[PDB]
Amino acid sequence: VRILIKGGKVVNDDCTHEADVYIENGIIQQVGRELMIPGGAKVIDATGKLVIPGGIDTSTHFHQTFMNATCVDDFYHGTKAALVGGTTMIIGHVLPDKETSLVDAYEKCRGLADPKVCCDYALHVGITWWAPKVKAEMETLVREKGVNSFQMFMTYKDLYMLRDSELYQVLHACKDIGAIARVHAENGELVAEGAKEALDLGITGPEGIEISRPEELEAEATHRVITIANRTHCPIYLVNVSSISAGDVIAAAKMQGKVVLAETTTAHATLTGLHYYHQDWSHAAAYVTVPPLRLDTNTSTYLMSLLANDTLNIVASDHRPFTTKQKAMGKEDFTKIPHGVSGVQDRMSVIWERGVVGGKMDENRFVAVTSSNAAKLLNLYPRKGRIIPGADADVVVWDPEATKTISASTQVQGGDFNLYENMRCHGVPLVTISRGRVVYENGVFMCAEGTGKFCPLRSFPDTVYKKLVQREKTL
């Protein structure tokens, strides 16, 4: 199919310029001010609109069973929800249990996604335990399964948690094979203790998710894993950065030149922990994720500043909705509320509103934090995350003068609730092109299950490893 996006302003992370885009066979063919095209192309009037690269969501949890609940959205509904939301790539999480096979898990997961995905996708494999079998499977996945990031956890003691001796080996292992070490940095011993301590104090509502794990526990673990990583020479990538404290640790480490990357979520960048104290339990429970939204009023504002600043590089949804019925399995015990929020569809709009409209960052940084930096790190740049010739035609015609008001009653993503209910948004995708096809236009979604493709991710992503390799010379 031939597509021409006429009269737009192309926005990339470096600059915004008046140009048309001509797409043929899944690929951006031309980007120029006035394009001589053979006709019979679908023409899109993009006047007064921005032509941005399609969003990439570096943390989604479609079809994941976590904490005894299975995520409401499968790989179809999830990718669909993404595309309607202006996201044209999603990275999945694979969380194999302790003492189980990473490769087997990866394959189960590929089996669940390939037939069903609407947009391109890739996967993180979680390293939940450590033995010589695991190092082996890591190597296999990188060498020939198109995996270049692994997700580790410093909390979920006795479930996902890794000991410091293990992280050291795991990070060493990642660096050797050219992977990216994603770590979720909370101190798991103190999280375990603080949970029991809170239940024993008679604290059982959703607010306990906060009281049990105050930000010092994040700040601590974050600082620790950065040190480990810096010792092992492994690039470390921090997920779900939730707090001012943790954010500063990251800031500092970066200035010292430590190869630290970092990612927050939409909810963390925009919402406060006050919601855990809302009158309805259901409402409080809808916001339960980890690390939790922080009570301090200034935290969201600050995380957004850091995001604009590149202290935080990437914003993701961490999409993992559960129903209020599902959440309710912890109505009497907060520790049994499964950690998950709904966000895959809201990310682009919510971020545009609070980040761009709110004056914290320009439209170009918005591209940076929503697609470009992701693409660079995943090793897909500029094939994705940029509107230039040769690129994959993952393109969104973005309307900066829109009307939508977020409501759960109109969302196409899973969950009883939307964390952004009633939020007035001026960012809205009008058209979403994925693989050089229009999958969403006029508010109408149209796409076959399985149209999307797994995108093997190449090891040793240039944007992290090229300096590391050089710097290890001077040692």
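For every residue, the number given is its place in the sequence shown, counted from 1.
Comparing 33 to 41 with 418 to 426, the higher mean C-alpha B-factor in the PDB entry belongs to 33 to 41. The stretch 64 to 72 shows the higher mean C-alpha B-factor when 50 to 58 is compared against 64 to 72 in the entry. In the deposited coordinates, the residue among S243, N379, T370, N298 with the greatest CA B-factor is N298.
Highest C-alpha temperature factor among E401, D318, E166, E220 per the entry: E401. For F366, the recorded CA temperature factor ranks within the lowest third of the chain's modelled residues.
Ranked against the other modelled residues of its chain, the C-alpha B-factor of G273 as given in the entry falls in the highest third. When the CA B factors of the chain's modelled residues are split into thirds, the value for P96 lands in the lowest one.
Among all modelled residues in its chain, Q411 ranks in the middle third by Cα B-factor.
When all modelled residues of the chain are sorted by CA temperature factor, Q256 is found within the middle third.
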